[PDB]
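The block underneath contains the structure these notes are about, expressed in structure tokens.
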Amino acid sequence: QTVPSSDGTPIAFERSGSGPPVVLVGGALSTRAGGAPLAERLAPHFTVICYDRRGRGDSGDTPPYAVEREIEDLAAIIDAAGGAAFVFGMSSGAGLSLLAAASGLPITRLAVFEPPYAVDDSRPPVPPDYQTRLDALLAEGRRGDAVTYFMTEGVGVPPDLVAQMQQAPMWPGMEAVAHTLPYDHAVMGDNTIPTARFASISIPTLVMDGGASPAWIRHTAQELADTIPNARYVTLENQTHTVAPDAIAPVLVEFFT
Ligand SMILES: [Cl-]
């Protein structure tokens, strides 16, 4: 189904399961499909809502883009969930979720995985021309190259892993929503943490990283779990690069219940 955001944009979503509501918020290049495997593991415990962020999947889009519009989208989805919910945010979706929490949305418990803020030099510098170059690639219709650029220069993934992603079934779906990469850049700002705002988040919070996280992601996670007063920091037990639903779900079930 869809629900209208404040600006009229139809936001597509699906519900499954039973129990208290959980909203899954996806990151860069995600659509609602991305959360489906996790949602299915959570469904025995929670009513889970997965949704397409604006400009993706079955959702519409209403220019001009503003981060506030995506906070309003999430507000509409939390309303679809009943008016308040637990939230799990992934990657840049964790940034959006933290901003939404700081803005006063009715998020009752918050879990975030690998929010891609930067707190130290162990993260490679993002090129100063990142926004300009990303826009240029998109304007030429080089969607694949835009994704490659985001992964290598935006979030510091080594070229070998990115080339492997290009061979995976995931890649065409990412290309299809590459025009939203500037939206995630806007959500994340310059990757610095808005400490004053996040320190004001009072709800129970869980910050997670994975066994293959780069050092800079660990440091960010540690700092967020210190800045947010009621936060814990968990490193997941994934045994390869890919974090599977069963590495995340039990931790979420424990934290949310
Ligand atoms: Cl391309």
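Neighbour counts run over all protein chains shown; Cβ positions are idealised from the backbone, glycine included. Read-outs: derived from the displayed coordinates by stated rules, not from any lab.
Using the Cα gyration tensor of the chain, with a ≥ b ≥ c the square roots of its eigenvalues, what is the shape: rounded (a/c below 1.5), prolate (a/b larger than b/c) or oblate (neither)? Rounded. Dipole magnitude for the stretch 97-148: about 220 debye, using +1 per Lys or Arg Cβ and -1 per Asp or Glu Cβ, origin at the Cα centre.
For the stretch 156-257, what does the convex hull of the Cα positions come to per residue, in cubic angstrom? All intermediate terms of the calculation are to be shown ahead of the outcome.
On the way: hull volume 14.0 nm³, N = 102.
Cα convex hull per residue, to the nearest whole number: 137 Å³.
Here the Karplus relation 6.51 cos²θ - 1.76 cosθ + 1.60, evaluated at θ = phi - 60°, turns the backbone of the stretch 235-244 into coupling constants of 9, 6, 9, 4, 9, 9, 4, 6, 7, 7 Hz, with x for every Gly and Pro. Amide H to amide H distances under 5 Å link residue 17 with 48, where only residues 5 or more positions off or on other chains count and H is placed in the peptide plane.
Excluding residue 48 itself, calculate the net charge of residues whose Cβ lies under 13 Å from the Cβ of residue 48, where each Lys or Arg counts +1 and each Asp or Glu counts -1. Value of the local net charge: +1. Taking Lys and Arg as +1 and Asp and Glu as -1, the other residues whose beta-carbon sits under 13 Å from that of residue 65 total -4.
Arranged from fewest to most other beta-carbon atoms within 10 Å of their beta carbon, 30, 213, 103 become 103, 213, 30.
Look at the dipole of the chain built from charges on Cβ: of 19, 182, 125, the Cα furthest out on the positive end belongs to 19.
Among DSSP beta bridges whose residues both lie in the chain, state the antiparallel percentage, nearest 5.
Values: 8 of 31 bridges.
Antiparallel: roughly 25 percent of the beta bridges in the chain.
A straight line joining the Cα centroids of the stretch 79-148 and the stretch 13-28 runs 17 Å.
Sum -39500 (n - 2.57) across every DSSP H segment of at least 4 residues in the chain, then divide by the residue count to get the 222 nm mean residue ellipticity, nearest 500. Provide the component values of the computation, followed by the final result.
Working: 11 runs with 100 residues, N = 257.
The per-residue figure over the chain is -11000 deg cm²/dmol.
Order of 193, 49 from fewest to most other C-beta atoms within 10 Å?
On the way: 193 19, 49 25.
With the fewest neighbours first, 193, 49 line up as 193, 49.
Dipole size of the chain about its Cα centre, with +1 on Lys/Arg Cβ and -1 on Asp/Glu Cβ: approximately 400 debye, rounded to the nearest 20. Counting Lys and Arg as +1 and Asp and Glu as -1 over every other residue whose Cβ lies under 12 Å from the Cβ of residue 254, the net charge comes to +2.
Among 88, 255, 46, sorting on how many other beta-carbon atoms sit within 10 Å of each Cβ, with the fewest leading, yields 255, 46, 88.
If you take the square roots of the eigenvalues of the alpha-carbon gyration tensor of the stretch 35-173 and sort them as a ≥ b ≥ c, do you get rounded (a/c under 1.5), prolate (a/b over b/c) or oblate? In terms of gyration-tensor shape, prolate.
Rounded to the nearest Hz, the phi-derived 3J(HN,Hα) couplings of the stretch 136-143 under the Karplus curve 6.51 cos²θ - 1.76 cosθ + 1.60 (θ = phi - 60°) are 5, 4, 4, 5, 8, x, 8, 5, where x marks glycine and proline. Per-residue 3J(HN,Hα) values for the stretch 107-114, derived from phi via the Karplus relation 6.51 cos²θ - 1.76 cosθ + 1.60 with θ = phi - 60°, read 9, 8, 9, 10, 10, 10, 10, 6 Hz in sequence order (x marks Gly and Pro).
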